[PDB]
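Shown next as C-alpha cells: one chain only, the form deposited in one PDB entry.
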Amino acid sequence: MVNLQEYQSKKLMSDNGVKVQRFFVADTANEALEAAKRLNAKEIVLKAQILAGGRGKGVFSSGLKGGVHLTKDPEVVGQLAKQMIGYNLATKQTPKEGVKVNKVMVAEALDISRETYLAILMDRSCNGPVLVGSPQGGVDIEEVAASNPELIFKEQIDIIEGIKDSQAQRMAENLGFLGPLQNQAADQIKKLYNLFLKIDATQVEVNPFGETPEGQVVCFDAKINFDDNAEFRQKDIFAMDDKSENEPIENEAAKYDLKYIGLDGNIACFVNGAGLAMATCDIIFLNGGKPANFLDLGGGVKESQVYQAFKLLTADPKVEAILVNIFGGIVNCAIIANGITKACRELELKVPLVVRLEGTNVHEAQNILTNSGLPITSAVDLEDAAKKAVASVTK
C-alpha cells in the first residue's frame, strides 16, 4: 500500500493538469514564510504533513493546538510553522507520542461553494474502470449509497476507447455543475481519468470535487490507491512511499517481500499461500484462539523465507506460540524442517511451535523436528494444528 502525504498526491495531480489549490511545501519556518508570500493569496492555509487523520484537532509538543491554520498574514504562517516543524503532532489517530512533523504545506485557502463526490476505480464487477459520482459530496460515499442510492451515478469506461466527452459531460451534469462550470468539470474528469491510467491507480477519489464562489472547479482533497503490481513501472511514485507511520514489523516484512499483517492475537502463524494463510487465521479463530498476524510466504517457499519469518515474529512481544503450516511449494519438507530448527536455534526462540508440513519427504522432515530437542509439536492436519496451537497459549 503506497502512502502519499497530502502535498505529494496534490503535486501528482497538479503536475498532471488537475486543478488543485496552489501550494508549496516547507522544511523550515523561514521557507514557510517565504512560501506564504509567493502564493500571493488573500487567505493562506498552513497544514502539517503527517499521514494520520485528525490534524485539525491535534496538538503539537510545542504547545500549539491544531495542525491546520488559516491566516491572511505571511508572517503568522512563519511564526506558526516555527511551532510545528520538528515537533510531534498527536491526534485522535496517531500513536500516543504523536508523529514528528518534518514538513508543512502552505496553500491558498479556497472557499467551497459546492461539494460533490467523484471517483474513478477499477471495478471487477464491470470488467474495467468506472466513473462514480454523486452530487452529495463531502460525505463518505458509502453512507450516501446507503440512504440515497438514486444519488450515486456510475459510468462504465471502455479501456480501449478511453473516456468519451459525452460521458464526462453527463457526469458533470449529474454532479450538478451548470453552464460553463459543467464544461470545466467535464474537462477535469477527463484529466483525472488520464491521471488514473498514467499512474496505475486502482482508485482516485476526489472528495470534495467542487466549485469555488469564484467559479472554479477544484479537486480539494483526494485519496489515491495504487496497484502494487505496477511498481516496476512506477518507481518514482513508489519511492515516495511514506513508511514512517507504519507498523515497524510490516515495514521489516516488506524488506523481504513478505506479506505481513499484524492482528491482535498471540498465536503467530506463517503459511505458504494467501488462501491457506487466511484459512489458517480463520481456523485458529474457529477453535477459539486469536491469530497474532497474517503472513504469506507465498506458495513457492524457500528456506531463507522461513528464516526471515521467524526473525520477524521475533519483534512482536505478544506472540506466545507459532503455527507453521506449509503445504505444497516446490521445496521438500526436509529442507524446510531444517531451516525451522536452524532458525529456532540461532534466533534463540523459546515459544512452543506447532508445525504442519505436507509434501515431499515428510517422514524425514518429521524425523528432523522430533530429533531436534526443541519444543515442537507436529500436527496431523490443519484442524489438529489449530487445536494444538490454541491449547499452547493463555486464556
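Note that residue numbering begins at 1 and tracks the sequence as displayed. In this text, rigid core is short for the largest set of C-alphas that superpose within 1.5 Å between two forms.
Keep in mind that the form deposited in another entry is not shown, yet the notes after this line are about it.
Taking the core as reference between this form and the one not shown, the lone member of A185, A268, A81, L192 whose Cα moves by 2 Å or more is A81. Annotation for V25: C-alpha shift of 2 angstroms or more between this form and the one not shown, rigid core superposed. The Cα position of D228 differs by less than 2 Å between this form and the one not shown after fitting on the rigid core.
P135: CA moves less than 2 Å between this form and the one not shown after rigid-core fitting.
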